[PDB]
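Okay, so here's the structure we're looking at.
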Amino acid sequence: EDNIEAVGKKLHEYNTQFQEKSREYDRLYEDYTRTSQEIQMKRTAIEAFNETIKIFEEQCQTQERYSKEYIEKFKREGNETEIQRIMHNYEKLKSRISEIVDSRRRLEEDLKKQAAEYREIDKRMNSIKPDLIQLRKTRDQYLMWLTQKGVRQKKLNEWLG
Amino acid sequence: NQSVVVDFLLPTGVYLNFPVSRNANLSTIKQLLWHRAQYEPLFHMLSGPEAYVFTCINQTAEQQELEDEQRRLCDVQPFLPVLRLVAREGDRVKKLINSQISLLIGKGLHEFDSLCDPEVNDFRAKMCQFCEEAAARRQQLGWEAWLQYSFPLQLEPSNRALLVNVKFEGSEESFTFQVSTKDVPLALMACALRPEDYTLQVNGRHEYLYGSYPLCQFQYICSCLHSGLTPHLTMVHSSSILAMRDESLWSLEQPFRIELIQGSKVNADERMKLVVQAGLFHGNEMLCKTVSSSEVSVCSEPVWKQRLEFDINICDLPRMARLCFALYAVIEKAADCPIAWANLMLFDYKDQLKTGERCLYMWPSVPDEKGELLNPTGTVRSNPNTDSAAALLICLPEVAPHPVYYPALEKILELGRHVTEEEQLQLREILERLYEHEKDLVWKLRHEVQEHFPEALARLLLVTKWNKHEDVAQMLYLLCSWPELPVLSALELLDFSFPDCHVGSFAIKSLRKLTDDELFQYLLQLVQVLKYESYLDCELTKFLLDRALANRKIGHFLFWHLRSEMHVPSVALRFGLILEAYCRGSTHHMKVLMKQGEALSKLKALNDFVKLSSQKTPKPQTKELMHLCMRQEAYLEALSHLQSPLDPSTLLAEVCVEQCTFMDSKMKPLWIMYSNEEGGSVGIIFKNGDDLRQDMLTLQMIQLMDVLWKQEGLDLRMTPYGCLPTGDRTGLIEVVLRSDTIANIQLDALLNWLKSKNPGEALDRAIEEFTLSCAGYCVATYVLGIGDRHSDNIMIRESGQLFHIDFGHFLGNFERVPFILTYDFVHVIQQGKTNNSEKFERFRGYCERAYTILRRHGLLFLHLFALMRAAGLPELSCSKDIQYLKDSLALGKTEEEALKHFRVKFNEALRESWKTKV
Ligand SMILES: C[C@@H](c1cnn(Cc2ccccc2)c(=O)c1C1CCCC1)n1nc(-c2cncc(O)c2)c2c(N)ncnc21
């Protein structure tokens, strides 16, 4: 189908293209691995927000049960002062929950943008694989054709990169 | 800055918020809390501070009660700075252990509950209870036992006079006297009194000398004799050791079928079309032909809803049958893209044939050299990124109105049970040393194989037709009366080609004869083989946990091999459950591991700073900045007074900060020097971003070579230093001291360095040390296919021992690697002479005997490497990799032929040596 030096040169070209797409694949697979590790970290962080918030809500439940007695025990004894203190303290607990919640939401928004990044990477990995696979094979067929033609290993070594 | 604003939630419902020092311990913070809470409502209802414990949410998202109030807030590392006061009560011991496990293994226990998986819940209940029971048994056995569990003997693979310095615990004065180089330790003790309630400790180490062996069989002693140094020991009373302890299926001829419903979250080229390929396997063999879907257009959420019917009946499917899918994109029939893949066991962990819908979260396919349709070798665990991974939705149909189970052993042997000389010579031929024709013969003469060739069990297992319940029943019948095989053969049977649980179990039964010394040589491979298991409760797990529980040094290295992969999704669950259980059986060691994890966690941050700084500004300054960072109260404490992870009997005591520095390569590895109250000085390299697994394996093989060598009286003075992966591209390397690189020493220069380190009549020792070690490393590197060997990665000890470092690359990879002799080493071997053939001949001898010893244990290396393929090292992927070693060791050749070819390559390497130098 061709002559040897022309086949050997094209082997060098196809090999060079193979090494380059192979490196590019490796770049993506690395982003894949990292991004996967990060997403999982964010997911567990979202769980920690949730457990934290849960804790604040038990504190609220505790405040409503426990306080009751002490608001009615202070009303009779004229301590609308002590009652005020408990309720403003309580009001301070509540505003803090809203902050924690606001942070939880920032995270979920970040996890959202990153889940999508993960899918674009996997999509780009998937659009490359065909060429990668095709290049490996074409390269291997040129090596074969040259081996059968009796080309020595030294020549095949120069051409491979 | 220092402080951080912390939310406090009091049990009255009251909430306070104020700054505390990041450095303050919880005990201090509790005082500050009380002091501020007296001015807030409802103070008078609180009990005292000691009646309550702080709770936080930790980094692993679990609630933790902070029982140890000497801990600093910055070490506690709460998710948000929120501390809650709760009552003490309700089994504080379980609570504490549970919380520590999560932090230690890097994975919250709650993530196992979250799965709502009975297989997982069953594993933890059985194994944790087993591990706890062993632990409780161990406490009730006396002090000897505790000593053996905790500090097993360090013995050489195996009469001049010997003087030794002995002392007693808590006393300056010491007793130097000559003693029996071959008298059992007791007699040293009995003597020093001028008995049976003592052991001897090696000063400044947790190495102990006891048992019925003689003194020069101990590493410490043996190293002392060779060095010339006087042993230094401490007698320790029993009590002071207690004070450490104390403080139906076969009637279903309907064919196997599945319903392919839908995929989800597929990310493929919208021009192309999508196909699922499905096949059935037992291990790596196909049970029947493959069957494929129709093309459907690419979309995110493609829909097939087709029956796929296989060419095998439900009655024929073996226990370990495995359904394997691959999602592929094809350029619409008018390079197929392999998208992703997933495997599924057809019987569950309790033996029941599965029914119903399954959602398989798939793994992405990697374009590799084999390019097989499907990936039957891959894990049967689903991808745990369930939120974003692609998935397949399939439906196993019903088969009978009751559940069906793979039949019980009894019924397998029910079915399983029930001479030519020409045939008895063809078989012998085949096994003295498969293809279609020979498989039929071996199957026919399987009874003969058992009687006469028990060692060929592996071959017979592969000939057997795992798509035929009759055959399978017959094979298992023999398997159950098969006589016990040697360790070597058992190691073959733990490979992926032998997925049947009867096989695994027969293998482990043969591994139980392993000594702790020998098992330790193989520990790493045995770990990797866990990746080939289908179920969580398996015999190999149980065997590894058994031996971890009986020997603390084994449990130490098992923990680090398992912990170092907790970031890998396909094993995080399995390794995590093993680690949990291991921990519950080793609460003492847990305290050592906890200390090591915080040292390491500090080295990570200390290392990330040094990479980041090094970009900004030059080394001398970054060095001083590294030092300031280190002396911070909390860095310093966490980095000081731990047991080394490389060797838990070594104490890393005081960090010598002004000697701490780092290497100049891209990830800036840290060189950390220590000094303990014993040698006297120890070093470690902390790496973060380099992969160490290639270095570990190579160093483990060099070590195994040293043992096998030493076990035949050949001591080649090797330096197989520690390498321990501990995390995601993180781990430690033992510094070899009083050593330097060839490149440094060169810029008769090697020979002069040696002269200066060994003046006068110790030069002959140095040279002989160099000769022995030069042979060992020459043979090692040749056998393993290690090129890229230069003066930067070859070092020399002041004793004269030469050794290689920082391995990189093996089995030919970036091309057989010739045996290699360096003229500059030949020179030293020859004592500075042009021709010293007496010497040079000895060296060739050493080389030849070493190679000869390794050939005799060649199948051992091959099996060990075969199991390491599970690790996914780029350099040890395939069968040709194993082929490199068969050829390097000339195992296809008689020994005589092997030595003759070695000799030839040896001489060519001698010729070559002069030509490179010119
Ligand atoms: C190369 C030499 C070395 C490295 N770094 N510094 C610090 C330095 C680096 C740069 C500037 C200043 C200090 C070293 O001073 C050394 C040696 C040079 C002479 C004294 C010690 N080395 N490399 C390993 C090793 C590394 N990576 C993987 C392995 O498997 C083994 C090693 C070792 N285990 N023991 C001793 N020296 C070892």
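Whatever order the structure lists ligands and atoms in, that order sets their numbers, starting from 1. All heavy atoms count here, side chains included; hydrogens, waters and symmetry mates do not. In what follows, chains carry the letters A, B, and so on, assigned in the order in which the sequence lines appear, proteins first and then strands, with residues in each chain numbered from 1.
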Examine the side chains of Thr719(B) and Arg797(B) and answer whether a donor and an acceptor come within less than 3.5 Å of each other.
yes
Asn793(B) and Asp788(B): side chain donor to acceptor below 3.5 Å:
no
Measure up the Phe902(B) and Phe906(B) rings against each other and bin them: parallel (under 30°), tilted (30 to 60°), perpendicular (over 60°).
tilted
What does the contact table look like for ligand 1 (nitrogen or oxygen on each side, cut-off under 3.5 Å)?
unit_1	atom_1	unit_2	atom_2	d
ligand 1	27 (N)	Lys687(B)	NZ	3.0
ligand 1	30 (O)	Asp695(B)	OD1	3.4
ligand 1	30 (O)	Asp695(B)	OD2	2.3
ligand 1	30 (O)	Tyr721(B)	OH	2.6
ligand 1	30 (O)	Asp806(B)	N	3.2
ligand 1	34 (N)	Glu734(B)	O	2.9
ligand 1	35 (N)	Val736(B)	N	2.9

For the student: nearest non-hydrogen atoms of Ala780(B) and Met705(B), plus distance:
CB-SD, 3.7 Å
Ionic contact status for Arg729(B) with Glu30(A), cut-off 4.0 Å:
yes
Would you call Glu658(B) and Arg631(B) a salt bridge, using N to O less than 4.0 angstrom?
yes
